[PDB]
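Encoded as structure tokens, the following chain is the form deposited without this ligand, with no partner shown.
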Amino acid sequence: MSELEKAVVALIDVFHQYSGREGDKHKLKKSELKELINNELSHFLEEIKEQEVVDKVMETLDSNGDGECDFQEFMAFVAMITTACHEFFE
């Protein structure tokens, strides 16, 4: 596997490390999404310590309105983060 291929599988690896914790094992609920951002995005995103912030993140990511973040929705989130880091370095 190339670096890019490793990065692709890392995205799947990490999503499932969090989505697999509780309930639907293929989607992130609020607490799973919260721990993902807090543990895995600490250098890009501000630590989440408030419920209103958890709710707002979920609302923003949850395109289909089912209260959880699926893999497609997680990818859109990765894209918004990756693009912000990209433009940071212009």
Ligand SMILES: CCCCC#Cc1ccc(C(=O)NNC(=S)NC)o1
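One rule holds for the numbers: they count along the sequence shown, beginning at 1.
- A summary of the deposited B-factors shows that, of 3-11 and 81-89, the stretch with the larger mean C-alpha value is 81-89.
- The PDB entry assigns residue 34 a C-alpha temperature factor belonging to the lowest third of its chain's modelled residues.
- The PDB entry assigns residue 50 a C-alpha temperature factor belonging to the middle third of its chain's modelled residues.
The same protein also exists as the form solved in complex with this ligand; that form is not shown, yet it is the one meant from here on.
- This ligand in the deposited complex comes within 4.5 Å of a heavy atom belonging to residue 80.
- In the deposited complex, 43, 44, 45 are the residues of 14-51 with at least one heavy atom within 4.5 Å of this ligand, listed from first to last.
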